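Chemist: Below is one structure. I have some questions about it.
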RNA sequence: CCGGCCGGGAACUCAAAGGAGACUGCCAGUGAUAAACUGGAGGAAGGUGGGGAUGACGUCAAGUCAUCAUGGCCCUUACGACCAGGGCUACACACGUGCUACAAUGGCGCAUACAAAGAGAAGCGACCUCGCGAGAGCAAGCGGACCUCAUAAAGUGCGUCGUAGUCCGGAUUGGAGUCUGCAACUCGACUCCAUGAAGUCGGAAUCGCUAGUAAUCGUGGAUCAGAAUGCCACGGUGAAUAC
RNA sequence: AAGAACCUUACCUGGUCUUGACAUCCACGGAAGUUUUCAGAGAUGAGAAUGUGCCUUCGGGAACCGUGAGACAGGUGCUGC
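Residue numbers (my numbering), protein chains in the order written: chain X, 10 to 123; chain L, 56 to 114; chain D, 3 to 129; chain V, 4 to 82; chain B, 25 to 230; chain E, 4 to 101; chain H, 343 to 438.
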């Protein structure tokens, strides 16, 4: 079941590929799990079109896929166009959710640069 | 019935009890507790004691 | 006498109504097999329950109060010791020789100032 | 992330913003209180957040509604 | 720098608590501050009466204060007029009706507060520290205590370098908790600095 | 049925006061249940000794509030007359219920 | 020392407990909706020191912000001094 | 009502006052006929039983004039004082402390257990209803062995995951309840649904610990309108090795 | 530091000082206080309404408020050598 992404279920769970596609979270995964109510560790042969349609309508009803790049792009772009520092400080790439970057936040900053 | 009407804040002094010749001011009454809360001076000691009209006889 | 629960170990006190009969352990009107019958470490707490060797004909209903599981086992064991000395005093010497009449006074040492645990000190920088 | 009983607005800013909207001929509005959510009445105005002795003027648009006034305004400087 | 307060280590064991009352968590701090305002006032008001200990007992309606003094006459005043003015001002500090008793301190040189304020008064009057300490230990050893340690400290005799000079007689067993040692300090506010006097007096093992 | 909760900071004062109340009920001659002990409230305070800098060297204090409840079976008018300043110890706080 | 903070703390205590704590509490329960807003605006037009948020609970004989303990009512150094001198009833050192 | 719940009882756990016991007391050996050491009986405890408080004369002219008090010096239409806002929360890098881990002795899902200490009056808040949830409303019992915080967590019985970057959890602006409404932008946490980085057990070196200790597993306090993985206490299982 | 959103809280802008935020006097007037309008970021002002109760050997004394000059404050300013 490939919808608006790059990932596919393969004799495994739909939910891991679904949460690997950006633009969503895992509450869609838990909701598809509760809607199916079956073991998804079984083989993906005879993948159900009912599963495909419920996956599609759940994605469409909630925040559709591809919107994370959309949100970060308009955030950085609109504040860069308007000249303000909120999107500039998202471009700089350091944490502004409230986090310490004095020696932490290496996940943002990457490998350490001497 | 003597004193069948009950008035909050009414002062009664019991001469038989240890409360005699003692004066106090009732700032707070706990209606949510459903028991009357007065910092009663008893044995020369003022402590908050829960009380009821059936519990103590009115003077 | 009625053989009852005596004695303490860690933070427990024994309430066993041990009585002549086939020994199948019932806890709070419910079975060992329902509570933790096939649990591993049930056997090694039940071995100090048996280790007084007067369990071979004694039915056990065990509702030892308070504390952890091995301490509860030690309380039960100490209770059967003290009840069997209350029954007859010739077998006091053999429980003393085996070492079961001893209460194990070992207990949790307290937390301490400038230190994470009872003995555990902060990691010390030489510089 | 914040309350839903009411969207907070500063009362002095609400008075000066409705006065600016009613007049239609206004300069930048100087405000020291940076902690106000932008109403849709504010669109079409520059409202000045307090940074330093210097001036930060923000022309608030249709998108910048749910955000507070000081998000667009930098308090610290760096390379 | 490293020694325990003797009264604090003997507080439940030998020495008695100075203030005796029970207040709950809502009124304890308010009573404690009331005791401090009464105690501070009566100390700064009758420092010339040589008061040794002030015990304050609150039965939670009234206040009873006992002043342990060597000289009861100046604490009383004439006809109890001074102690009645004291009773009135203690009543308005405490906010509750008041009462003062006077308990006397026989043998004033065996009371550490009295010796500390005596050496403090002499050090304000520029008597030498060595004469004050030798006088104190000699008078206690005569009067009948088992021992006395007098520590004077800081800016002795107008030297720029402060020093701590201790003079000791008898047995002063600080580490033994069954012993009673009354320890009290006093603070002399001299011209070059402040000279602090610490005296321990050992009376017996309880 | 008289429910007297007397609490202090010192157990000797507590025992003196509860023996006095037991003596009062014994003087009037009624059936007296024994004074039960209710558990001590060890309120611990951990307070820095150094004015400027320390973390390892710090001393700990306790206030211990003791509690007994006498729970006398029968109160009477002679005891109500004799209650007036019967306790007479400043260390002990006494709480009354009917 | 620090008399400015003493009178500032006296100021926020008298502004919180006496003038208000009824008007502020009624405006708070009007502000939470029970079934722009007038309660939010009027709680702004109330002075800021009226809020019980403002009070830093501070020592009575000195005025240290820190090491204050609510039960004793003084700073850490001062409760040590009164404990070791016997002013605080029942305060004995703990050694368990 | 098969809940001690209810009469009863005080028999035990307990709660908390007073005693007893543990002193090398006895025996044997060694040792000087001494101290002591080494074993043994009795005994819950054995030779400081464990832990704690207790820090000698002094030393570093160690720290604090930012706790206070205090000598000298200085500002005093400011170096006093109030408000808004900001900073103490930033960031090329480096170490000091602690947490989450790199899984299978472990996750993940159902069921089932066993504690201790503490706090509470602007405070603790059950039961019911509404919510996936944080929580909302209604709201008893409580200044306390009652009531509330608060059906602890590892332990489990069955299953399933049998390389998986795993529930190991990182990551801006959202979708949100809650705190105080000066006010969750610079700036709280919380199931947060936000893309699941890194690390597949770690070089030179280095640190903490002889028995309920190490290691591991959870809980409460104080500061406090909120805001801990820090500090201050409490419990469970339970090592290995000293030639 | 046993609690950095304000407060705490000293370092950047506006407002104030011979009584200052904080006590003592000397002099004059007013109860203390409660409820509001407007300007402003705000202790800042500029205005309004009700309370002269408490008492003095009333030749007027109150906890208090406002103002004025002096003394006086005040300082989390320096020296822990």
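Every residue, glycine too, gets a C-beta built ideally from N, C-alpha and C.
#1: Between the segment 87-104 of chain L and chain B, which residues of the former have a C-beta closer than 7 Å to a C-beta of the latter?
#2: Would you check if the segment 32-50 of chain D and the segment 71-78 of chain D touch, i.e. whether three or more CB-CB distances between them fall below 8 Å?
#3: Report the start-end ranges of each alpha helix (DSSP H) in the segment 34-85 of chain B that is 4 residues or longer and not cut off at the edges.
#4: Going by the beta-carbon positions, is the gap between residue 14 of chain D and residue 109 of chain D smaller than 7 Å?
#5: Note down the Cα distance separating residue 4 of chain E from residue 88 of chain E, rounded to an integer number of angstroms.
#6: Would you mind working out which of B:90, B:93, B:153, B:222 sits nearest residue 180 of chain B, comparing C-alpha positions?
#7: Taking the DSSP output, what are the residues bridged to residue 63 of chain D?
#8: Between residue 117 of chain B and residue 44 of chain V, what straight-line distance do the alpha-carbon atoms span, to the nearest angstrom?
#9: Using a beta-carbon distance cut-off of less than 8 Å, what residues from the segment 4-16 of chain V approach chain H?
#10: With DSSP run on the structure shown, which of helix, strand or coil describes residue 30 of chain B?
#11: When we look at the beta-carbon of residue 99 of chain E and count the other beta-carbons within 10 Å, is it buried (16 or more) or exposed?
#12: How long is the line joining the alpha carbons of residue 21 of chain E and residue 155 of chain B, rounded to whole angstroms?
#13: Listing by chain order, which chain E residues have their CB less than 7 Å from the CB of residue 419 of chain H?
#14: Excluding the 5 residues flanking residue 46 of chain E on each side, which residues of the same chain have their C-beta closer than 6 Å to its C-beta?
#15: Give the interface partners of residue 360 of chain H over in chain E, defined as CB-CB distance under 9 Å, in chain order.
#16: Terminal residues of the continuous beta strand (DSSP E) containing residue 67 of chain E?
#17: Taking only three categories from DSSP, how would you classify residue 9 of chain D?
#18: Could you work out which residues of chain E lie near residue 44 of chain B, taking near to mean beta carbons separated by less than 9 Å?
#19: Within the same chain, show all residues whose beta-carbon is closer than 6 Å to that of residue 135 of chain B, passing over the 5 residues directly before and after it, in chain order.
#20: What does residue 422 of chain H reach in chain E if we use C-beta pairs closer than 7 Å?
#21: Please decide whether residue 79 of chain X counts as near chain V, where near means a Cβ-Cβ distance under 7 Å.
#22: Apply the 10 Å Cβ neighbour rule to residue 61 of chain L and answer buried if 16 or more other Cβ atoms are within range, or exposed otherwise.
#23: In chain order, what residues of the segment 63-90 of chain E put their CB closer than 8 Å to some CB of chain D?
#24: Taking C-beta pairs closer than 9 Å, name the residues in chain E that residue 103 of chain D reaches, listed in chain order.
#25: Any residues in the segment 121-135 of chain B with a beta carbon nearer than 7 Å to a beta carbon of chain E? Which ones, in chain order?
#26: Whole angstroms is fine: what's the gap from residue 88 of chain D's alpha carbon to residue 201 of chain B's?
#27: Per DSSP, what are the beta-bridge partners of residue 203 of chain B in this structure?
#28: Here's the rule: buried if 16 or more other CB atoms are within 10 angstroms of the residue's CB, otherwise exposed. What is residue 74 of chain V?
#29: By the 10 Å Cβ neighbour count, where 16 or more other Cβ atoms means buried, how is residue 45 of chain B classified, buried or exposed?
#30: Determine the DSSP secondary structure at residue 36 of chain D, reduced to helix, strand or coil.
#31: Let me confirm a value: residue 44 of chain E is counted as buried when at least 16 other C-beta atoms fall within 10 Å, else exposed. Which label applies?
#32: List the endpoints of the continuous alpha helix (DSSP H) containing residue 36 of chain X.
#33: Determine the closest residue to residue 196 of chain B out of B:211, B:174, B:185, with distance taken between C-alpha atoms.
#34: For the segment 52-68 of chain B, list every residue whose C-beta sits within 7 Å of some C-beta in chain E, in sequence order.
#35: What separation, rounded to the nearest whole angstrom, lies between the Cα atoms of residue 79 of chain B and residue 171 of chain B?
#36: State the beta-bridge partners of residue 1 of chain B as determined by DSSP.
Modeler: Based on what the coordinates show:
#1: 96, 99, 100, 101, 102
#2: yes
#3: 52-69
#4: no
#5: 21 Å
#6: B:153
#7: D:28
#8: 59 Å
#9: 8, 9, 10, 11, 12, 13, 14
#10: helix
#11: buried
#12: 53 Å
#13: 54
#14: 66
#15: Neighbours of residue 360 of chain H on chain E: none; closest Cβ ~30 Å, over 9 Å.
#16: 62-72
#17: coil
#18: 12, 13, 16, 92, 93, 94
#19: 76, 129
#20: 50, 52
#21: no
#22: exposed
#23: 63
#24: Within 9 Å Cβ-Cβ: nothing; residue 103 of chain D doesn't reach chain E, min ~31 Å.
#25: none
#26: 43 Å
#27: B:229
#28: buried
#29: buried
#30: helix
#31: exposed
#32: 36-45
#33: B:174
#34: none
#35: 26 Å
#36: Because chain B is modelled from 25 through 230, residue 1 of chain B falls outside the range shown and cannot be assessed.
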